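Here's work.txt, which has compact mmCIF, N, CA and C atoms:
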# COMPACT_ATOMS: atom_id res chain seq x y z
N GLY A 1 -34.32 -40.49 -53.81
CA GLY A 1 -35.02 -41.74 -54.03
C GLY A 1 -35.88 -41.69 -55.28
N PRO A 2 -36.88 -42.56 -55.38
CA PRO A 2 -37.68 -42.65 -56.61
C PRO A 2 -38.70 -41.51 -56.68
N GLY A 3 -39.31 -41.39 -57.86
CA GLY A 3 -40.37 -40.41 -58.02
C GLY A 3 -41.56 -40.76 -57.16
N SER A 4 -42.37 -39.75 -56.84
CA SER A 4 -43.47 -39.97 -55.89
C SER A 4 -44.51 -40.95 -56.42
N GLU A 5 -44.64 -41.08 -57.74
CA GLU A 5 -45.64 -41.99 -58.31
C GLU A 5 -45.09 -43.38 -58.58
N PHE A 6 -43.82 -43.64 -58.28
CA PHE A 6 -43.31 -45.01 -58.40
C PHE A 6 -43.73 -45.77 -57.15
N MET A 7 -44.49 -46.85 -57.33
CA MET A 7 -45.03 -47.58 -56.18
C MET A 7 -43.92 -48.35 -55.45
N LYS A 8 -43.73 -48.06 -54.17
CA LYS A 8 -42.69 -48.71 -53.36
C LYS A 8 -43.35 -49.49 -52.23
N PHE A 9 -43.02 -50.77 -52.09
CA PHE A 9 -43.57 -51.58 -51.00
C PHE A 9 -42.45 -52.01 -50.06
N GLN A 10 -42.59 -51.67 -48.78
CA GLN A 10 -41.57 -52.04 -47.81
C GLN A 10 -41.40 -53.56 -47.78
N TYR A 11 -42.45 -54.31 -48.15
CA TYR A 11 -42.33 -55.77 -48.23
C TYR A 11 -41.19 -56.17 -49.16
N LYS A 12 -41.09 -55.51 -50.31
CA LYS A 12 -40.06 -55.83 -51.30
C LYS A 12 -38.69 -55.37 -50.82
N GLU A 13 -38.65 -54.30 -50.04
CA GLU A 13 -37.40 -53.80 -49.50
C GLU A 13 -36.89 -54.64 -48.34
N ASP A 14 -37.77 -55.42 -47.71
CA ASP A 14 -37.48 -56.30 -46.58
C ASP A 14 -37.27 -57.76 -46.96
N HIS A 15 -37.71 -58.20 -48.13
CA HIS A 15 -37.57 -59.59 -48.55
C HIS A 15 -37.02 -59.65 -49.97
N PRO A 16 -35.91 -60.34 -50.20
CA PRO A 16 -35.37 -60.50 -51.56
C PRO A 16 -36.34 -61.16 -52.53
N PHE A 17 -36.17 -60.83 -53.81
CA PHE A 17 -37.06 -61.35 -54.84
C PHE A 17 -37.12 -62.87 -54.82
N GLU A 18 -35.99 -63.54 -54.54
CA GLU A 18 -36.00 -65.00 -54.52
C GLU A 18 -36.94 -65.56 -53.48
N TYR A 19 -36.87 -65.02 -52.26
CA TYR A 19 -37.76 -65.46 -51.20
C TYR A 19 -39.21 -65.24 -51.57
N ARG A 20 -39.54 -64.07 -52.14
CA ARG A 20 -40.93 -63.77 -52.47
C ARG A 20 -41.46 -64.71 -53.55
N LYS A 21 -40.67 -64.94 -54.60
CA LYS A 21 -41.14 -65.78 -55.70
C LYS A 21 -41.32 -67.23 -55.25
N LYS A 22 -40.40 -67.75 -54.43
CA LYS A 22 -40.57 -69.12 -53.93
C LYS A 22 -41.89 -69.25 -53.18
N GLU A 23 -42.17 -68.28 -52.31
CA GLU A 23 -43.39 -68.30 -51.53
C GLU A 23 -44.62 -68.12 -52.40
N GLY A 24 -44.59 -67.15 -53.32
CA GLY A 24 -45.77 -66.87 -54.12
C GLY A 24 -46.11 -68.01 -55.07
N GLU A 25 -45.09 -68.63 -55.66
CA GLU A 25 -45.34 -69.73 -56.58
C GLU A 25 -45.87 -70.95 -55.85
N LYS A 26 -45.35 -71.22 -54.66
CA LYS A 26 -45.82 -72.37 -53.90
C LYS A 26 -47.26 -72.18 -53.46
N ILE A 27 -47.63 -70.96 -53.05
CA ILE A 27 -48.97 -70.78 -52.49
C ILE A 27 -50.00 -70.84 -53.61
N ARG A 28 -49.63 -70.44 -54.82
CA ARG A 28 -50.55 -70.49 -55.94
C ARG A 28 -50.76 -71.91 -56.44
N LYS A 29 -49.70 -72.72 -56.46
CA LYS A 29 -49.87 -74.11 -56.87
C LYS A 29 -50.71 -74.87 -55.84
N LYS A 30 -50.54 -74.55 -54.56
CA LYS A 30 -51.28 -75.25 -53.52
C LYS A 30 -52.75 -74.85 -53.50
N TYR A 31 -53.03 -73.54 -53.49
CA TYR A 31 -54.37 -73.00 -53.30
C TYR A 31 -54.77 -72.24 -54.56
N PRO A 32 -55.24 -72.95 -55.59
CA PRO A 32 -55.54 -72.27 -56.86
C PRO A 32 -56.77 -71.37 -56.80
N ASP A 33 -57.62 -71.50 -55.78
CA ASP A 33 -58.79 -70.64 -55.65
C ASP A 33 -58.57 -69.51 -54.65
N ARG A 34 -57.32 -69.25 -54.26
CA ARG A 34 -56.97 -68.16 -53.37
C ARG A 34 -55.90 -67.32 -54.05
N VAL A 35 -55.83 -66.04 -53.71
CA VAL A 35 -54.77 -65.23 -54.30
C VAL A 35 -53.99 -64.51 -53.20
N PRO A 36 -52.67 -64.48 -53.29
CA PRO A 36 -51.86 -63.85 -52.25
C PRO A 36 -51.71 -62.36 -52.52
N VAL A 37 -51.91 -61.54 -51.50
CA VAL A 37 -51.95 -60.10 -51.66
C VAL A 37 -51.15 -59.44 -50.55
N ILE A 38 -50.30 -58.48 -50.92
CA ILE A 38 -49.59 -57.61 -49.99
C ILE A 38 -50.32 -56.27 -49.98
N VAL A 39 -50.66 -55.77 -48.78
CA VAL A 39 -51.38 -54.50 -48.62
C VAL A 39 -50.53 -53.56 -47.76
N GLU A 40 -50.23 -52.36 -48.26
CA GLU A 40 -49.42 -51.40 -47.49
C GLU A 40 -49.92 -49.99 -47.71
N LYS A 41 -49.64 -49.11 -46.75
CA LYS A 41 -49.95 -47.71 -46.97
C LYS A 41 -49.00 -47.12 -48.00
N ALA A 42 -49.52 -46.23 -48.83
CA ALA A 42 -48.67 -45.45 -49.71
C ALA A 42 -47.76 -44.55 -48.88
N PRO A 43 -46.53 -44.28 -49.35
CA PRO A 43 -45.56 -43.54 -48.53
C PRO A 43 -46.06 -42.20 -48.00
N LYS A 44 -46.80 -41.42 -48.79
CA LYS A 44 -47.19 -40.10 -48.33
C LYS A 44 -48.56 -40.09 -47.65
N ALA A 45 -49.18 -41.24 -47.46
CA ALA A 45 -50.54 -41.29 -46.94
C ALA A 45 -50.57 -40.93 -45.45
N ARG A 46 -51.57 -40.15 -45.06
CA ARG A 46 -51.82 -39.85 -43.65
C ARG A 46 -52.93 -40.78 -43.14
N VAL A 47 -52.59 -42.06 -43.11
CA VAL A 47 -53.50 -43.13 -42.72
C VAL A 47 -52.74 -44.09 -41.82
N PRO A 48 -53.44 -44.74 -40.90
CA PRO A 48 -52.74 -45.70 -40.04
C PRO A 48 -52.18 -46.86 -40.86
N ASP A 49 -51.09 -47.42 -40.36
CA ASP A 49 -50.51 -48.63 -40.93
C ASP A 49 -51.37 -49.83 -40.55
N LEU A 50 -51.24 -50.90 -41.33
CA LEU A 50 -51.99 -52.11 -41.06
C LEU A 50 -51.19 -53.01 -40.14
N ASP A 51 -51.90 -53.65 -39.22
CA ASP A 51 -51.28 -54.65 -38.37
C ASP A 51 -50.74 -55.81 -39.21
N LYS A 52 -51.57 -56.34 -40.10
CA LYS A 52 -51.28 -57.51 -40.91
C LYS A 52 -51.25 -57.04 -42.36
N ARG A 53 -50.19 -57.37 -43.08
CA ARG A 53 -50.04 -56.86 -44.43
C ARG A 53 -50.02 -57.94 -45.50
N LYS A 54 -50.12 -59.22 -45.13
CA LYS A 54 -50.03 -60.32 -46.08
C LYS A 54 -51.30 -61.17 -46.01
N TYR A 55 -52.06 -61.24 -47.12
CA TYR A 55 -53.38 -61.87 -47.11
C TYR A 55 -53.47 -62.98 -48.13
N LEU A 56 -54.29 -63.98 -47.82
CA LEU A 56 -54.64 -65.01 -48.78
C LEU A 56 -56.15 -64.92 -48.95
N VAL A 57 -56.61 -64.42 -50.08
CA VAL A 57 -58.02 -64.06 -50.20
C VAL A 57 -58.72 -64.94 -51.23
N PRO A 58 -60.02 -65.22 -51.08
CA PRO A 58 -60.71 -66.05 -52.08
C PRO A 58 -60.77 -65.31 -53.40
N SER A 59 -60.62 -66.06 -54.49
CA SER A 59 -60.59 -65.42 -55.80
C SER A 59 -61.93 -64.83 -56.18
N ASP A 60 -63.03 -65.28 -55.57
CA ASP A 60 -64.32 -64.70 -55.94
C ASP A 60 -64.76 -63.57 -55.02
N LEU A 61 -63.94 -63.20 -54.04
CA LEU A 61 -64.19 -61.97 -53.30
C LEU A 61 -64.01 -60.77 -54.23
N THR A 62 -64.94 -59.80 -54.17
CA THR A 62 -64.75 -58.64 -55.03
C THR A 62 -63.75 -57.67 -54.40
N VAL A 63 -63.23 -56.78 -55.25
CA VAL A 63 -62.35 -55.71 -54.80
C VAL A 63 -63.05 -54.84 -53.77
N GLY A 64 -64.33 -54.53 -54.01
CA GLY A 64 -65.08 -53.73 -53.04
C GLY A 64 -65.30 -54.45 -51.72
N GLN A 65 -65.42 -55.77 -51.76
CA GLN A 65 -65.57 -56.53 -50.51
C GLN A 65 -64.24 -56.56 -49.75
N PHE A 66 -63.14 -56.75 -50.48
CA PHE A 66 -61.82 -56.71 -49.86
C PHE A 66 -61.55 -55.34 -49.26
N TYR A 67 -61.98 -54.29 -49.96
CA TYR A 67 -61.84 -52.93 -49.45
C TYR A 67 -62.58 -52.75 -48.13
N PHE A 68 -63.83 -53.22 -48.05
CA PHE A 68 -64.58 -53.20 -46.79
C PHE A 68 -63.76 -53.83 -45.67
N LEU A 69 -63.21 -55.02 -45.92
CA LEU A 69 -62.46 -55.74 -44.89
C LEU A 69 -61.19 -55.00 -44.47
N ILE A 70 -60.45 -54.47 -45.45
CA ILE A 70 -59.23 -53.73 -45.13
C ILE A 70 -59.57 -52.45 -44.39
N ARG A 71 -60.59 -51.73 -44.84
CA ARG A 71 -60.95 -50.49 -44.18
C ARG A 71 -61.38 -50.75 -42.73
N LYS A 72 -62.10 -51.85 -42.51
CA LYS A 72 -62.52 -52.22 -41.16
C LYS A 72 -61.31 -52.38 -40.24
N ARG A 73 -60.25 -53.03 -40.73
CA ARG A 73 -59.01 -53.23 -39.96
C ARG A 73 -58.28 -51.93 -39.63
N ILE A 74 -58.32 -50.94 -40.52
CA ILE A 74 -57.62 -49.68 -40.27
C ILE A 74 -58.34 -48.81 -39.24
N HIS A 75 -59.62 -49.05 -38.97
CA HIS A 75 -60.42 -48.28 -38.01
C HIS A 75 -60.42 -46.78 -38.34
N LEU A 76 -61.04 -46.47 -39.47
CA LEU A 76 -61.19 -45.09 -39.92
C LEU A 76 -62.44 -44.45 -39.34
N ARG A 77 -62.50 -43.12 -39.45
CA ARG A 77 -63.70 -42.38 -39.11
C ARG A 77 -64.72 -42.47 -40.24
N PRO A 78 -66.00 -42.24 -39.95
CA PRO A 78 -67.01 -42.36 -41.00
C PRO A 78 -66.82 -41.38 -42.14
N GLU A 79 -66.17 -40.25 -41.90
CA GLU A 79 -65.93 -39.24 -42.93
C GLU A 79 -64.62 -39.46 -43.68
N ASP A 80 -63.84 -40.48 -43.34
CA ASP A 80 -62.49 -40.59 -43.90
C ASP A 80 -62.50 -41.18 -45.31
N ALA A 81 -61.56 -40.70 -46.12
CA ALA A 81 -61.32 -41.19 -47.46
C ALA A 81 -60.32 -42.34 -47.42
N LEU A 82 -60.48 -43.27 -48.35
CA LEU A 82 -59.47 -44.31 -48.53
C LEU A 82 -59.58 -44.80 -49.97
N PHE A 83 -58.44 -44.86 -50.65
CA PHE A 83 -58.38 -45.32 -52.02
C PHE A 83 -57.34 -46.43 -52.10
N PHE A 84 -57.62 -47.45 -52.92
CA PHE A 84 -56.68 -48.52 -53.24
C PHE A 84 -55.99 -48.18 -54.55
N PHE A 85 -54.74 -48.64 -54.70
CA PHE A 85 -53.99 -48.51 -55.95
C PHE A 85 -53.36 -49.85 -56.28
N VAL A 86 -53.54 -50.30 -57.52
CA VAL A 86 -52.86 -51.46 -58.05
C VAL A 86 -52.24 -51.02 -59.37
N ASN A 87 -50.91 -51.10 -59.47
CA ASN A 87 -50.22 -50.64 -60.68
C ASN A 87 -50.66 -49.23 -61.05
N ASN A 88 -50.69 -48.37 -60.01
CA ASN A 88 -50.96 -46.93 -60.04
C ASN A 88 -52.38 -46.51 -60.35
N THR A 89 -53.33 -47.43 -60.47
CA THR A 89 -54.68 -46.97 -60.74
C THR A 89 -55.65 -47.56 -59.73
N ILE A 90 -56.76 -46.86 -59.55
CA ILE A 90 -57.75 -47.33 -58.58
C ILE A 90 -58.48 -48.51 -59.22
N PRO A 91 -58.46 -49.70 -58.64
CA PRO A 91 -59.04 -50.88 -59.29
C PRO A 91 -60.56 -50.85 -59.21
N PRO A 92 -61.25 -51.42 -60.20
CA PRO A 92 -62.72 -51.35 -60.21
C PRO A 92 -63.26 -52.21 -59.09
N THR A 93 -64.14 -51.63 -58.29
CA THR A 93 -64.62 -52.31 -57.10
C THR A 93 -65.47 -53.53 -57.45
N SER A 94 -66.04 -53.57 -58.66
CA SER A 94 -66.89 -54.70 -59.05
C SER A 94 -66.09 -55.89 -59.57
N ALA A 95 -64.79 -55.73 -59.82
CA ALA A 95 -63.95 -56.86 -60.23
C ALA A 95 -63.73 -57.85 -59.09
N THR A 96 -63.48 -59.11 -59.46
CA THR A 96 -63.07 -60.07 -58.44
C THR A 96 -61.58 -59.93 -58.17
N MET A 97 -61.18 -60.30 -56.96
CA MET A 97 -59.76 -60.34 -56.62
C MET A 97 -59.00 -61.32 -57.51
N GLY A 98 -59.64 -62.43 -57.89
CA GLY A 98 -59.02 -63.34 -58.83
C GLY A 98 -58.69 -62.69 -60.17
N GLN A 99 -59.63 -61.91 -60.71
CA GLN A 99 -59.34 -61.23 -61.97
C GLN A 99 -58.27 -60.16 -61.79
N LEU A 100 -58.36 -59.41 -60.70
CA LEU A 100 -57.37 -58.38 -60.43
C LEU A 100 -55.99 -59.00 -60.32
N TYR A 101 -55.92 -60.14 -59.63
CA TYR A 101 -54.67 -60.89 -59.52
C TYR A 101 -54.17 -61.34 -60.89
N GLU A 102 -55.05 -61.96 -61.69
CA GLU A 102 -54.62 -62.50 -62.97
C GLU A 102 -53.99 -61.42 -63.83
N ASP A 103 -54.57 -60.23 -63.80
CA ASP A 103 -54.08 -59.15 -64.63
C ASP A 103 -52.85 -58.46 -64.04
N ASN A 104 -52.74 -58.38 -62.72
CA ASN A 104 -51.75 -57.49 -62.13
C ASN A 104 -50.65 -58.11 -61.29
N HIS A 105 -50.66 -59.41 -61.04
CA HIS A 105 -49.62 -59.97 -60.17
C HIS A 105 -48.23 -59.76 -60.77
N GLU A 106 -47.24 -59.64 -59.88
CA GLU A 106 -45.87 -59.41 -60.32
C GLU A 106 -45.17 -60.75 -60.58
N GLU A 107 -43.87 -60.68 -60.91
CA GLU A 107 -43.15 -61.91 -61.23
C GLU A 107 -42.89 -62.77 -60.00
N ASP A 108 -43.11 -62.24 -58.81
CA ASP A 108 -43.02 -63.06 -57.60
C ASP A 108 -44.36 -63.70 -57.26
N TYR A 109 -45.38 -63.52 -58.11
CA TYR A 109 -46.72 -64.10 -57.97
C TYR A 109 -47.54 -63.47 -56.85
N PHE A 110 -47.12 -62.33 -56.32
CA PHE A 110 -47.93 -61.56 -55.39
C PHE A 110 -48.69 -60.47 -56.15
N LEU A 111 -49.89 -60.17 -55.67
CA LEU A 111 -50.58 -58.94 -56.01
C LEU A 111 -50.29 -57.88 -54.95
N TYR A 112 -49.95 -56.67 -55.38
CA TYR A 112 -49.58 -55.60 -54.46
C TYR A 112 -50.64 -54.51 -54.50
N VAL A 113 -51.21 -54.18 -53.33
CA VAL A 113 -52.24 -53.15 -53.19
C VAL A 113 -51.73 -52.10 -52.21
N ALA A 114 -51.75 -50.84 -52.60
CA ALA A 114 -51.43 -49.74 -51.70
C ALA A 114 -52.70 -48.98 -51.38
N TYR A 115 -52.73 -48.30 -50.23
CA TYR A 115 -53.88 -47.47 -49.89
C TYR A 115 -53.43 -46.07 -49.47
N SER A 116 -54.31 -45.09 -49.66
CA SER A 116 -53.97 -43.72 -49.30
C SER A 116 -55.25 -42.98 -48.99
N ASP A 117 -55.10 -41.86 -48.27
CA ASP A 117 -56.20 -40.89 -48.15
C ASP A 117 -56.34 -40.00 -49.38
N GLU A 118 -55.36 -39.98 -50.28
CA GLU A 118 -55.44 -39.21 -51.51
C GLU A 118 -55.80 -40.13 -52.68
N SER A 119 -56.47 -39.56 -53.68
CA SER A 119 -56.92 -40.33 -54.83
C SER A 119 -55.82 -40.49 -55.88
N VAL A 120 -54.63 -39.95 -55.63
CA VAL A 120 -53.47 -40.15 -56.49
C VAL A 120 -52.36 -40.74 -55.61
N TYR A 121 -51.72 -41.81 -56.08
CA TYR A 121 -50.80 -42.58 -55.23
C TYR A 121 -49.69 -41.71 -54.64
N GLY A 122 -49.09 -40.84 -55.43
CA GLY A 122 -47.93 -40.16 -54.89
C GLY A 122 -48.21 -38.82 -54.25
N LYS A 123 -49.46 -38.51 -53.93
CA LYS A 123 -49.75 -37.16 -53.46
C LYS A 123 -49.82 -37.13 -51.93
N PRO B 1 -43.03 -64.46 -35.37
CA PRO B 1 -44.17 -63.97 -36.17
C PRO B 1 -43.70 -63.25 -37.42
N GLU B 2 -42.53 -63.66 -37.92
CA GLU B 2 -41.86 -62.99 -39.04
C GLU B 2 -42.82 -62.54 -40.15
N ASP B 3 -43.48 -63.48 -40.84
CA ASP B 3 -44.28 -63.06 -41.99
C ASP B 3 -45.49 -63.97 -42.25
N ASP B 4 -46.47 -63.94 -41.34
CA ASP B 4 -47.60 -64.85 -41.46
C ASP B 4 -48.59 -64.43 -42.54
N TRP B 5 -49.38 -65.40 -43.00
CA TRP B 5 -50.52 -65.16 -43.86
C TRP B 5 -51.72 -64.90 -42.97
N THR B 6 -52.59 -64.01 -43.41
CA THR B 6 -53.86 -63.73 -42.76
C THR B 6 -54.96 -64.14 -43.73
N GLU B 7 -55.91 -64.94 -43.24
CA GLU B 7 -57.10 -65.28 -44.00
C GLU B 7 -58.33 -64.81 -43.25
N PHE B 8 -59.30 -64.25 -43.97
CA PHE B 8 -60.53 -63.84 -43.30
C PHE B 8 -61.36 -65.06 -42.90
N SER B 9 -62.12 -64.90 -41.84
CA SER B 9 -63.02 -65.96 -41.45
C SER B 9 -64.24 -65.96 -42.38
N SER B 10 -64.95 -67.10 -42.39
CA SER B 10 -66.12 -67.19 -43.26
C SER B 10 -67.16 -66.14 -42.91
N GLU B 11 -67.37 -65.89 -41.61
CA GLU B 11 -68.35 -64.88 -41.21
C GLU B 11 -67.91 -63.49 -41.65
N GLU B 12 -66.61 -63.19 -41.55
CA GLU B 12 -66.10 -61.90 -42.02
C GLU B 12 -66.39 -61.71 -43.50
N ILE B 13 -66.17 -62.77 -44.29
CA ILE B 13 -66.47 -62.76 -45.71
C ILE B 13 -67.96 -62.54 -45.93
N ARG B 14 -68.80 -63.22 -45.13
CA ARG B 14 -70.24 -63.04 -45.25
C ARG B 14 -70.65 -61.60 -45.00
N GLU B 15 -70.09 -60.98 -43.95
CA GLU B 15 -70.41 -59.59 -43.66
C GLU B 15 -69.99 -58.68 -44.81
N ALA B 16 -68.81 -58.94 -45.39
CA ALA B 16 -68.32 -58.15 -46.51
C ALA B 16 -69.23 -58.26 -47.72
N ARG B 17 -69.66 -59.48 -48.06
CA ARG B 17 -70.56 -59.67 -49.19
C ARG B 17 -71.89 -58.97 -48.96
N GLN B 18 -72.32 -58.87 -47.70
CA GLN B 18 -73.57 -58.17 -47.41
C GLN B 18 -73.39 -56.66 -47.49
N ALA B 19 -72.26 -56.13 -47.01
CA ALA B 19 -72.07 -54.69 -46.98
C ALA B 19 -71.62 -54.11 -48.30
N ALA B 20 -71.07 -54.92 -49.21
CA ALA B 20 -70.57 -54.47 -50.51
C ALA B 20 -71.06 -55.47 -51.57
N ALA B 21 -72.37 -55.63 -51.65
CA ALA B 21 -72.92 -56.58 -52.60
C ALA B 21 -72.84 -56.02 -54.01
N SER B 22 -72.95 -56.91 -54.99
CA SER B 22 -72.98 -56.48 -56.39
C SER B 22 -74.27 -55.73 -56.68
N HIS B 23 -74.20 -54.81 -57.65
CA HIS B 23 -75.36 -53.99 -58.00
C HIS B 23 -76.32 -54.75 -58.92

Re-express the file's structure as structure tokens.
Amino acid sequence: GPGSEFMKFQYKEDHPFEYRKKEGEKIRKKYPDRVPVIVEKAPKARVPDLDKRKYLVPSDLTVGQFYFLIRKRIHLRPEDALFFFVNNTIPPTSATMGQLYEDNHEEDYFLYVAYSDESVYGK
Amino acid sequence: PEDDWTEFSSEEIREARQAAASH
């Protein structure tokens, strides 16, 4: 398969590009102050999977606020590590989700966020 | 339940803004 640092989302493996782009473009035209986000565990992560992986988040929510919400859903221990990756790098927690989206969304108009217990995506 | 959207509630957003406020 691919190299360990190539970001793979089961969402993309389960839904053809056409379906994703139709959905992402429609949701952005409808809700211009919200951004659509797919959240999944990185393949090698020793972290629980998320119940819900598809989010519509306010554009003025910060990355650190979204992280709080996602971490709350995973039900981690107080000592546990968790890192987000967008396009292979840890996104700045002080950025807004709207800015992160504007810079990083794919051609299907989704923003893709992976999480791991390791600070490097493929480790 | 194929592929629903999840949106946070307003109170959930409020709690997040309080626990991860800007510096």

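In this model, the gap between atom C of residue 61 of chain A and atom C of residue 95 of chain A comes to 5.7 Å.
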
TODO: Find the residues of chain A in contact range of chain B, meaning any atom within 6 Å when counting only C-alpha atoms, and list them as JSON, numbers by chain.
DONE: {"A": [54, 55, 56, 65]}

- [ ] Just give me the gap between atom N of residue 53 of chain A and atom C of residue 78 of chain A in Å, one decimal is fine.
- [x] 23.1 Å

- [ ] Within chain A, find each residue whose DSSP state, derived from the backbone, is alpha helix (DSSP H), and express the selection as a PyMOL selection string.
- [x] chain A and resi 10-14+17-30+63-74+97-104

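Across the structure, atom C of residue 23 of chain A and atom CA of residue 36 of chain A are spaced 8.4 Å apart.
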
Open item on the list: With all atoms listed in the file as the counted atoms, please give the residues lying no more than 8 Å from residue 8 of chain A, apart from itself and same-chain residues fewer than 6 positions off, as JSON, numbers by chain.
Closed with: {"A": [40, 41, 42, 43]}

Open item on the list: Taking 4 positions as the minimum chain separation for residues in the same chain, which residues sit within 7 Å of residue 121 of chain A when counting only C-alpha atoms? Answer as a PyMOL selection string.
Closed with: chain A and resi 5+42+85+88+116

Open item on the list: Counting all atoms listed in the file, which residues sit no farther than 5 Å from the position (-49.2, -61.1, -52.3) in the file's frame? I'd like them as an MDAnalysis selection string.
Closed with: chainID A and resid 36:38 110:111

- [ ] Go through A:67, A:74, A:83, A:29 and flag the residue nearest residue 50 of chain A, using only N, CA and C atoms for the distances.
- [x] A:74

- [ ] Identify the residues within 7 Å of coordinate (-57.1, -51.9, -52.1) (same frame as the file), considering only N, CA and C atoms, and give the answer as a PyMOL selection string.
- [x] chain A and resi 63+66-67+83-86+113-115

Could I get segment 2-15 of chain B rebuilt with N, CA, C and O atoms, written as an mmCIF file, in the frame of the given file?
data_model
loop_
_atom_site.group_PDB
_atom_site.id
_atom_site.type_symbol
_atom_site.label_atom_id
_atom_site.label_comp_id
_atom_site.auth_asym_id
_atom_site.auth_seq_id
_atom_site.Cartn_x
_atom_site.Cartn_y
_atom_site.Cartn_z
ATOM 1 N N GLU B 2 -42.530 -63.660 -37.920
ATOM 2 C CA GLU B 2 -41.860 -62.990 -39.040
ATOM 3 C C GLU B 2 -42.820 -62.540 -40.150
ATOM 4 O O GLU B 2 -43.020 -61.341 -40.351
ATOM 5 N N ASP B 3 -43.480 -63.480 -40.840
ATOM 6 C CA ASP B 3 -44.280 -63.060 -41.990
ATOM 7 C C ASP B 3 -45.490 -63.970 -42.250
ATOM 8 O O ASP B 3 -45.607 -64.628 -43.277
ATOM 9 N N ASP B 4 -46.470 -63.940 -41.340
ATOM 10 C CA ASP B 4 -47.600 -64.850 -41.460
ATOM 11 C C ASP B 4 -48.590 -64.430 -42.540
ATOM 12 O O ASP B 4 -48.663 -63.260 -42.933
ATOM 13 N N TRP B 5 -49.380 -65.400 -43.000
ATOM 14 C CA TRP B 5 -50.520 -65.160 -43.860
ATOM 15 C C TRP B 5 -51.720 -64.900 -42.970
ATOM 16 O O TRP B 5 -51.847 -65.506 -41.888
ATOM 17 N N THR B 6 -52.590 -64.010 -43.410
ATOM 18 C CA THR B 6 -53.860 -63.730 -42.760
ATOM 19 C C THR B 6 -54.960 -64.140 -43.730
ATOM 20 O O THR B 6 -54.909 -63.790 -44.912
ATOM 21 N N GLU B 7 -55.910 -64.940 -43.240
ATOM 22 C CA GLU B 7 -57.100 -65.280 -44.000
ATOM 23 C C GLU B 7 -58.330 -64.810 -43.250
ATOM 24 O O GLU B 7 -58.399 -64.963 -42.022
ATOM 25 N N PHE B 8 -59.300 -64.250 -43.970
ATOM 26 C CA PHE B 8 -60.530 -63.840 -43.300
ATOM 27 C C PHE B 8 -61.360 -65.060 -42.900
ATOM 28 O O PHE B 8 -61.352 -66.094 -43.569
ATOM 29 N N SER B 9 -62.120 -64.900 -41.840
ATOM 30 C CA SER B 9 -63.020 -65.960 -41.450
ATOM 31 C C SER B 9 -64.240 -65.960 -42.380
ATOM 32 O O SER B 9 -64.554 -64.967 -43.038
ATOM 33 N N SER B 10 -64.950 -67.100 -42.390
ATOM 34 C CA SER B 10 -66.120 -67.190 -43.260
ATOM 35 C C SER B 10 -67.160 -66.140 -42.910
ATOM 36 O O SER B 10 -67.792 -65.570 -43.801
ATOM 37 N N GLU B 11 -67.370 -65.890 -41.610
ATOM 38 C CA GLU B 11 -68.350 -64.880 -41.210
ATOM 39 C C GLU B 11 -67.910 -63.490 -41.650
ATOM 40 O O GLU B 11 -68.748 -62.671 -42.059
ATOM 41 N N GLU B 12 -66.610 -63.190 -41.550
ATOM 42 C CA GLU B 12 -66.100 -61.900 -42.020
ATOM 43 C C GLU B 12 -66.390 -61.710 -43.500
ATOM 44 O O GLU B 12 -66.762 -60.615 -43.932
ATOM 45 N N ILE B 13 -66.170 -62.770 -44.290
ATOM 46 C CA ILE B 13 -66.470 -62.760 -45.710
ATOM 47 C C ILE B 13 -67.960 -62.540 -45.930
ATOM 48 O O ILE B 13 -68.376 -61.751 -46.803
ATOM 49 N N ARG B 14 -68.800 -63.220 -45.130
ATOM 50 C CA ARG B 14 -70.240 -63.040 -45.250
ATOM 51 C C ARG B 14 -70.650 -61.600 -45.000
ATOM 52 O O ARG B 14 -71.436 -61.025 -45.761
ATOM 53 N N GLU B 15 -70.090 -60.980 -43.950
ATOM 54 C CA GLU B 15 -70.410 -59.590 -43.660
ATOM 55 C C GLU B 15 -69.990 -58.680 -44.810
ATOM 56 O O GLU B 15 -70.735 -57.768 -45.186
#
